[PDB]
Structures are given as structure tokens and as C-alpha cells.
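In: return atomic coordinates for the entry below.
(chains A and B)
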Amino acid sequence: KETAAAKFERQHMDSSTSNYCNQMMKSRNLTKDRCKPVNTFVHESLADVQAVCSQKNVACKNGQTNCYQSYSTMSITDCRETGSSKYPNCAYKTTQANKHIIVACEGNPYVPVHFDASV
Amino acid sequence: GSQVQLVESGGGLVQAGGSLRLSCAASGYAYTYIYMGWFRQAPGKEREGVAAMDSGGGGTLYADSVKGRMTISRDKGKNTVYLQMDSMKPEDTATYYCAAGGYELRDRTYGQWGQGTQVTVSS
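Out: Numbering: from 1, shown residues only, chains lettered A, B, ... in the order given. Below is the structure:
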């Protein structure tokens, strides 16, 4: 079974190693079965994002209470389907931003399993 | 203190039919944990959620097996949680753990855990 922690890294972690989002949404099996309407990639280290689980406890958008907000803003890419996007030809607008991230955390080690929001 | 600690007190040895109070206070965390709760692991069993409550005194949930004998409260301070246990049963013998920062009785969602307090209910 893919673990929940591995799925968060596959969906949202692209630590550095206009067309950014079209390249990245296919690679991660996020355009493989359907066009995921919105996805955010985080360009900070896995350690800095995992650290958010020890930062400010906040309510998730849905009302779950195991979410955590990063104290600093972080470098992120929002990928959003464009009007011409239609599976299986998915297509995305890229908007780079610097925002606090909010993640839901689970497990031991206690790590992100869900990307909830950026603000 | 750079580290967060969930300090547990109370618990220990009691007769079947008796009463005990567990208390937990977090130190080292600068904000308010929205949910805190008590979990336990009894001999022969997996860890299970016993009781949980949110920082406004609501969202209260209990394991069905302890409902009506145990009472959780938080109203005595920031990041504190207490468990009053009455009419105790042999099946309540367990290591009890304070936990903070999760949601309801879902133990995977809690990221801070006390070291564990033994509670032994003598037959």
C-alpha cells in the first residue's frame, strides 16, 4: 500500500533539485485518471514542510482540527486547470506565490498527509 | 523549554468499583491545542481513544465502553485536560496517555503524547 505520507510527497513535494504545472501534474499521476482541478507544489525542503506539524495548530477548511499552519510563508506553485483543459488533454495555469501553508498531519513520525490551504 | 511536554498525574492502583482522576498539562507549546484527549492501551488490546474534548469545552466524545463512568474536562487552564473515572472495572486496567493536537478520538491525528500513566484496577 502507498502510505499516506508518501502520497503527500508525491502530490505536493517538489523540492528544487510559465509551463511548470503542465510538466508537473502528469508526472505525479495527477492527470493520469482525471484532471485534478487544483494542486499545490511546495518548493521548500521535506524537513521544513514536515516541521509545520509542530507549528501552529489550526482548524482545517472542512472543520477537522489536526491542521498546522507554517509560521513563515513558503515558496509554492498553484496549478489550476485552464478553460481549454479537458481530460485526457489536461492543462494548467501556473501561479508562483509565497504564502503560509496549512497541512493536516498524522502518524509517528507525525508528518503531513494532506495539503489543506495556503494563505 | 524548547520541547513540548504533556505532564500526566494521578492514576495508579485502585480497587474494582473505585474512582481515580487523571490530569494532564502541556508545557512548551505557545498556542492552544484545539483537541486534547486520553487514550489507553490495555493488556491484550490495541491503543484506543477513551475521551476527547475541544478547547471550548465541546466536541466531547467517549469510547462507548466508558460512557457514563468517565468524565473529561478542560476548563482548568490552557492546554490542560482531566479525566474523572468512577465505578472502575477490571477492563479499565491500562496504560493511559494524554494526547494533544489531533481531532476527536482518532489516534493517528494526535502529534503530541504523554509518556503513559499506569492504571491498575485490582480484581
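In: pretty sure residue B:49 contacts residue B:108?
Out: No: look at residue B:49 against residue B:108 with Cβ atoms under 8 Å: they stay out of range, at 10.6 Å. Heads up, the C-betas are built off the backbone N, CA and C, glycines and all.
In: quick one: which of these two has more around it?
Out: Legend: neighbour count by other Cβ atoms under 10 Å in any protein chain shown for residue B:49 and residue B:108, higher for residue B:49 (20 against 15).
In: would you report the backbone torsion angles of that one?
Out: phi -70, psi 130 (degrees, to the nearest 10).
In: can you give me the strands for chain A?
Out: A:38-42, A:56-58, A:67-69, A:74-81, A:92-99, A:101-106, A:111-118 (DSSP state E).
In: give me the residues contacting the last one.
Out: Counting by Cβ atoms under 8 Å, 6 or more residues apart in numbering or on different chains, the neighbours of strand A:111-118 from elsewhere in the structure are A:4-5, A:7-8, A:11-12, A:40, A:42, A:49-50, A:52-53, A:60-61, A:67, A:76, A:78, A:97, A:99-107.
In: how about a cut-off of 6 Å?
Out: A:4-5, A:8, A:12, A:40, A:50, A:60-61, A:67, A:76, A:99, A:101-106 (Cβ atoms under 6 Å, 6 or more residues apart in numbering or on different chains).
In: can you narrow these down to the ones near chain B?
Out: Checking the contacts of strand A:111-118 against chain B by Cβ under 6 Å from any Cβ of the partner chain, the ones in range are A:105, A:106.
In: if any of the contacts of strand A:111-118 are buried, put those into a ChimeraX selection.
Out: Only the buried members of those enter the following ChimeraX selection, criterion being 16 or more other Cβ atoms under 10 Å in any protein chain shown:
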select /A:5,8,12,40,50,60,67,76,101,102,103,104,105,106
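In: up against chain B, what does chain A have?
Out: A:53, A:56, A:57, A:64, A:65, A:66, A:105, A:106, A:107, A:110.
In: repeat the analysis, applying 8 Å as the threshold.
Out: Within chain A, the positions adjacent to chain B are A:53-54, A:56-59, A:64-66, A:68, A:104-107, A:110 by Cβ under 8 Å from any Cβ of the partner chain.
In: look up how far chain B lies from the residue located most distally from the centre of chain A.
Out: The centre of chain A is farthest from one residue, residue A:84, which by Cα atoms, centre = their mean lies 23.0 Å away. From residue A:84 across to chain B, the span is 39 Å (Cβ to the nearest Cβ, to the nearest Å).
In: so that residue touches residue A:93, yeah?
Out: No: Residue A:84 lies out of contact with residue A:93 (Cβ under 8 Å); the separation is 10.2 Å.
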